[PDB]
Amino acid sequence: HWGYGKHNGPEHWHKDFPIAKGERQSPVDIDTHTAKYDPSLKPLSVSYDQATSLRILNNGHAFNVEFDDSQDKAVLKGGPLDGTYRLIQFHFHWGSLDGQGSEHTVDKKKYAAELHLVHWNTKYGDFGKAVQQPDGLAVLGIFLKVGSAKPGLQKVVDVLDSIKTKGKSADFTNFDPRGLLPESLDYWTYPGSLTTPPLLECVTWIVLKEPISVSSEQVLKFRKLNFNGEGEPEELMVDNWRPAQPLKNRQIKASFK
Ligand SMILES: NS(=O)(=O)c1ccc(SCc2ccc(Cl)cc2)s1
Ligand SMILES: [Zn+2]
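All letters in the sequence shown, in the order written, are residues 4 to 260 by full-length UniProt numbering.
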């Protein structure tokens, strides 16, 4: 199976998922000087007051915090988007060391981690249908830097010891994802893909400019997770990021001057 190791990592993925070498792959480097301010972009609308978290799952690649997406409870709209996109899950990508971990980069800078809030376009009815469409998903990406703790992250951190290994899940209700946002919703946006297999070219990416800060201690607990299943040789869950891919024929737009 695919993963992040030496033998099954990003440089191998194209052998089973040829779209890995496609024309709208993610992540990318965001060249801040080349990104054009687009005064026609809207403020984003992040409506998470009725979000219903259900469960957290170690899927062998990351951990996903899952939401009830059976009604418009937690939705993303506006910005570059047409229509309404429902929150299904969030997850992170992180490094073995603070100097790497993000998937997007900003003028080649790597952040310690990157949060992805994954949303699907309601016009397609369910997530599986959405990922087959070029405007099927909207992923809100937020960089993490190490400094002061993020108080709204600690609930997530504290449940990680209960889902150490692949396939473990735990009940995770009443978690408010608004506590993971930065102050500003200034963003860059471009058309891209999933950053893991199957690498489908179905995402409008919205990457916030302002990182959140989390503590060393919080990230260290991410790095205690395991890629392996229970009882299997321990492989720490670290460096679960895909590097930047060719920009090709795409324009990154900025919401801000
Ligand atoms: N890291 S990311 O681009 O946000 C991300 C990669 C993978 C997803 S959900 C993966 C997947 C894709 C297709 C199906 Cl049908 C079920 C799950 S979001
Ligand atoms: Zn992701």
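Idealized CB from N, CA, C, for every residue including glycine.
Leaving out the 5 sequence neighbours to the left and right, which residues in its chain are closer than 8 Å to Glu237 when beta-carbon positions are compared?
-> These residues qualify, in order along the chain: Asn229, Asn231.
At 3 residues or longer, and completely inside the region 39–118: list those beta strand (DSSP E) runs for me, N to C.
-> Listed in chain order, the complete beta strand (DSSP E) runs (minimum 3 residues) inside the region 39–118 are 47–50, 56–61, 66–70, 78–81, 88–97.
Is any heavy atom of ligand 1 found at a distance shorter than 7 Å from the C-beta of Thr207?
-> No, since every heavy atom of ligand 1 falls outside the 7 Å radius drawn around the Cβ of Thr207.
Could you give the DSSP three-state label for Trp16: helix, strand or coil?
-> Of the three classes helix, strand and coil, the one that applies to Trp16 here is helix, per DSSP.
Host beta strand (DSSP E) of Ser258 (start-end) | Premise fails: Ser258 is in no beta strand (DSSP E) and is neither H nor E.
Are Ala115 and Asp101 close, meaning C-beta to C-beta below 8 Å?
-> For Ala115 and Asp101, yes; Cβs fall inside 8 Å.
So, helix, strand or coil for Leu223, using DSSP?
-> It is helical.
Reference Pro249; option with closest CA among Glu69, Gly12, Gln28, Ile209 | The shortest CA-to-CA distance from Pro249 to any of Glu69, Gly12, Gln28, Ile209 is the one to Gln28.
What residues does ligand 2 have around it, judged by CB closer than 6 Å to any heavy atom, in chain order?
-> Listed along the chain, these residues meet the criterion: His94, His96, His119, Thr198.
Could you name the residues of the same chain whose beta carbon sits closer than 7 Å to that of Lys39, not counting the 5 residues immediately before and after it, in chain order?
-> Here the set comprises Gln254, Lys256, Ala257.
Taking the CB atoms as reference points, tell me whether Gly144 and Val210 lie closer together than 8 Å.
-> The answer is yes: Cβ separation under 8 Å.
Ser50 and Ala23 closer than 8 Å at C-beta = Contact flag unset, no.
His17 to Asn11, Cα distance in whole Å?
-> Going from the Cα of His17 to the Cα of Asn11 covers about 10 Å.
Does DSSP put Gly144 in a helix, in a strand, or in coil?
-> Note: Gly144 maps to strand in three-state DSSP.
Nearest-angstrom Cβ-Cβ length linking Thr198 and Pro30, presumed shorter than 8 Å | Indeed, because the Cβ distance is near 6 Å, the residues count as touching under 8 Å.
Pairing CB atoms from the region 213–221 with CB atoms from the region 146–160, are three or more of them under 8 Å?
-> Taking one beta carbon from each stretch, the region 213–221 and the region 146–160 have 3 or more pairs nearer than 8 Å; the two touch.
Own chain residues within Cβ distance below 7 Å of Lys126, not counting five before or after | If we look at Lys126 and ignore the five residues flanking it on each side, its Cβ neighbours are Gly86.
In the DSSP assignment, find the unbroken alpha helix (DSSP H) run with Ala173 in it and report its ends.
-> Premise fails: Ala173 lies in the beta strand (DSSP E), 172–174, not in any alpha helix (DSSP H).
Distance, Cα to Cα, residue 266 vs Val121?
-> Nothing can be reported for residue 266, as the shown portion of the chain is limited to 4 through 260.
Opposite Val217 in the DSSP bridges: which residues?
-> Looking at the DSSP assignment, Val217 forms a beta bridge with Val149.
Along the chain, where does the beta strand (DSSP E) that runs through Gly195 open and close?
-> Looking at the DSSP string, the run of the beta strand (DSSP E) that includes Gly195 is 190–195.
Any heavy atom of ligand 1 within a distance shorter than 7 Å of the CB on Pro180?
-> No - ligand 1 has no heavy atom lying nearer than 7 Å to the Cβ of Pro180.
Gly6: CB within 7 Å of a non-hydrogen atom of ligand 1 | Incorrect: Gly6 has no Cβ contact closer than 7 Å to ligand 1.
Skipping 5 residues on each side, what residues in its chain have a beta carbon closer than 8 Å to that of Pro46?
-> Same-chain partners within the cutoff: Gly81, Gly82, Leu188, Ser258.
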